[PDB]
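Heads up, the chain below is alone and in the form deposited in one PDB entry; it's given as structure tokens.
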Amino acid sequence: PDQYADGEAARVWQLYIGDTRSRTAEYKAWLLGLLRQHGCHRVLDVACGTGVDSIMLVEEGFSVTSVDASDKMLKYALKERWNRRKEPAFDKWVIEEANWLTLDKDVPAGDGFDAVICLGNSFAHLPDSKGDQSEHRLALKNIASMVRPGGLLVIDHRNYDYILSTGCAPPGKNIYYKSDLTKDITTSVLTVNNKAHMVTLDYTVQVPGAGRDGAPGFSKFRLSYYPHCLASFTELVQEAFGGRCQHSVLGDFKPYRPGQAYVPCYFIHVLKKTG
């Protein structure tokens, strides 16, 4: 289930993110700082999407290769690369299809990458269908398996500890998706027995115009995520490295202490493989 196969979400992703520059303005300093601090040059983006963060890293002189399971989303990143094909940096940008579940065979890590990134609440898309989080563990394993020792892994997820609690996803401004075009997002929590099983969001993004004066137009699409509670993900992700890692998490790219006033919309996990 690509969940993006229909292509409606991809078509308007640009409208969903809003000003990519304005979005990337946040955490660019941190991501870049972190990357450089650990002398990272080879970066693998497993959540490429339309290329938002891959493009940023490419421009910033990193050697990036981006993968994604949806060729509908990737098709836009590719489009961008071609458009800037005359730029040496972009001439060396690698964009290929791949799936976390089969990453190991999709992207030959070989020596591995200096850093791996999964941003914008991409991982939560993986379902627990098997009953046990086996799929979660496997995918989380392969992704970590792409990290060269001493390398970095930056994987995030929406704050579901809050969505599950209030039953609603935070509205408006978002560090990853900030666009006045997104008119509505309806949260749908499904709890099997007494455990949260799935959070389904239904977006309503206004396609610029979609009608002459007096008639506005919108695009509607739905995405489903597994609500990973912070504590659980921390445990899950660390386990993916068999413990040989240094773990840490930030609020919205800012330090995070449980009980703090500010409630983050996303939780960024920073893991540094050790051996």
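Basically, rigid core = biggest C-alpha set you can superpose within 1.5 Å across the two forms. Residue numbers run from 1 along the displayed sequence.
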| property | result |
| --- | --- |
| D53 coordinate gap across at least a third of other entries | no |
| Missing coords for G33 in a third or more of other PDB entries | no |
| Mean temperature factor over C-alpha atoms, higher-scoring stretch between 75-83 and 174-182 | 174-182 |
| Mean Cα B-factor comparison, 13-21 or 260-268, giving the higher one as deposited | 13-21 |
| From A210, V58, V46, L32, residue of greatest CA B-factor | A210 |
| Of the residues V147, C168, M198, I117, the one carrying the largest Cα B-factor as recorded | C168 |
| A215 CA temperature factor, ranked by third within the chain | highest |
| Within-chain third of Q37 by Cα B-factor, per the entry | highest |
| Lowest, middle or highest third - CA B-factor, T204 | highest |
| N99 - Cα temperature factor, lowest/middle/highest third of chain | lowest |
| Where the record places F241 (Cα B-factor, split into thirds across the chain) | highest |
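A second form of this protein, the form deposited in another entry, is not displayed here; the remarks below concern that form.
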property	result
Residue among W93, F123, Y176, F113 whose Cα moves 2 Å or more between this form and the one not shown, once the rigid core is superposed	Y176
Core-aligned CA displacement of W13 at least 2 Å between this form and the one not shown	yes
Relative Cα spacing, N99 and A10, in the other form - shift of 3 Å or more	farther
Distance trend in the other form - C-alpha atoms of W13 and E59, change of 3 Å or more	farther
